[PDB]
Structure formats: structure tokens, C-alpha cells
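Just one chain is shown here, as C-alpha cells, and it is the form deposited in one PDB entry.
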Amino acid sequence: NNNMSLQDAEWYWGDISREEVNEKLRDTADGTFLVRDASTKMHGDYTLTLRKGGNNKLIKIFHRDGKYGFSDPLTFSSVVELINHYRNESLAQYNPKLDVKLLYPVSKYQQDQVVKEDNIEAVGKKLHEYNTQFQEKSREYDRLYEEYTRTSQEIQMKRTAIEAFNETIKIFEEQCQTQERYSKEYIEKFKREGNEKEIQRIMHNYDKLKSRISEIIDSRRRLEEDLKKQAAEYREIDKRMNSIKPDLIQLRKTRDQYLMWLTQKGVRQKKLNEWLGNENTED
């Protein structure tokens, strides 16, 4: 009702860091709130985090002579009464800019019931299996990311190479156009003269030039085809990465949920450390 246990209050969370508060209130609608013990650990602070305007606003509850309130004078009996009153009515009177209510309270009981197989051996075995799945997914994601980086490097260097081939072809074609421009008059003059040795020499040079240009065109075409194939592989690897990320996120989230459920049972944290992976895993 109006004045019950603060511990039993669902918006109460206990000793959670502001980092966890921000993680819980990330990308949530206006009015979302939770009450946590202050980081300073001074008794009676009870920082409240409401999300208005997209930002995790912080409002501090001053405690005095067995009363609570946002600012002097204190006119409320308890934190539960304060939270309920400002859920019922908006905060515009306290701060004219803060025109919002405390609509959606984060509750620890939903995660209490989402987790299944509550018994100790079941949660331990599920934690082990999900940790193995998470490690498999993480190693798969790391291999995929290194392959993606390697393929991106290959694509960049091959694009530079194909640009260099284009420039080489431009230079060769300009030179061959100049060759024809001079050789038209040169061959005409030597045809007027009546000799064929220089004519055949010039023709031999021209066909050698044409053979070289054809070879460079073939190499450029092969490089371009390889570039298209590598681009296809790059797109496929990007698609696999985008597919595999959400599953890794969900595995991590459910593994952490199982860890918190196990820890909220009075069992030994040393057993928790030994059981989980005793490894470089984040959590």
C-alpha cells in the first residue's frame, strides 16, 4: 500500500552502480525510474534516476529528522510514499521544466520469474551449457571479424591495383595514339620513297605495342573479376556477422541472468568463480 517495506518496493534495487543503472535504463521511454542506494554510501541519500528528454536525469532525496523529500522543506514520511505520490502526480510543481510522471518502474521480480529451473543443480548445469555456447559464439565472432578485416584489406589493395592498371592503360593508349599520329606521315613518306625495311620495323614495333596492351587488358580484367569475387565474399561475411551478433548478445544476457540468479541464493562466490569458466570471460 502507501507505506510498506522499501526492500519489498519493486522500484528499489539496492547497491547497484550508476553504470548498471544506465545499462538498465538504456533506450527506454520517458518516465522510467528506479531507486538505488547512493554511490557515496551516506545513509539517507537515495538517488532517483528518471529518464526525461532521453537523458538519465538524477534527482537526490534529502533525508532529515525521519522524513524524506526532494528539497526543503521535507513533507513526506518515506521513500515509498514519495515514489507513490510522484507516480500519481507529475513533477512539474517541483521543477517547472521537469513535466513528467514516474510511469514505468523497473522491477527486479520480472527477472526473478523469467529464469526457469530454479533448483541449484539445474541452474548450474544450464550456466555451464550456456557458457560453453557463449564461448563458441564469441570465438566464431572473433574469427569472423578477423576474416572481415582481412577481406577489407584485400579489397582496398586490389582497388588500388585496378586503379593503377587503369592509369597504365591510359598512358599506353596516349602513347599509341601519338605513335599512329607520327607513323601515318612517316609511313606515307617512306612509301613515297619506296623502301620496306623501316616499314616492317615500324609495323613490328606497333604489333609488339598492341600485344603488350592486350596483355595488360587481360591482366586488368582478371584482377577486376577477382575483385568482384572478393566483394561477394566480403558481403557474405558481413551478412554472417550481422546474423551472428544478436545470438551472441542473447547468450551473454541469459548467461548473466543465470549467474545473478545463482548468486542470489546464498551459495559461495568462490564456487561461482570456479564453476563459471575460471577464465578471461567477462562474466
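Residue indices: 1-based, along the sequence shown. Residues that one form lacks are left out of the comparison. Each form is matched to the other, and the largest set of C-alpha atoms that superpose within 1.5 Å is called the rigid core.
Another form, the form deposited in another entry, is not on view; read the next lines as being about it.
With the two forms fitted on their core, the C-alpha shifts between this form and the one not shown stay under 2 Å for all of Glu154, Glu198, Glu147, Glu81 except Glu198. The two forms, fitted on the rigid core, differ between this form and the one not shown by less than 2 Å at the CA of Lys229. Taking 2 Å as the criterion, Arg18 counts as shifted between this form and the one not shown: its C-alpha moves by at least this amount when the rigid core is aligned. Taking 2 Å as the criterion, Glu188 counts as shifted between this form and the one not shown: its C-alpha moves by at least this amount when the rigid core is aligned. Relative to this conformation, an increase of 3 Å or more in the Cα-Cα distance between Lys210 and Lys191 is found in the other form.
In the other form, the Cα atoms of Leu209 and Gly194 sit 3 Å or more nearer to each other than they do here.
Residues present in both forms were compared between this form and the one not shown after fitting on the core; consecutive runs of three or more with every C-alpha moved by 2 angstroms or more are 16-18, 41-43, 188-194, 197-200.
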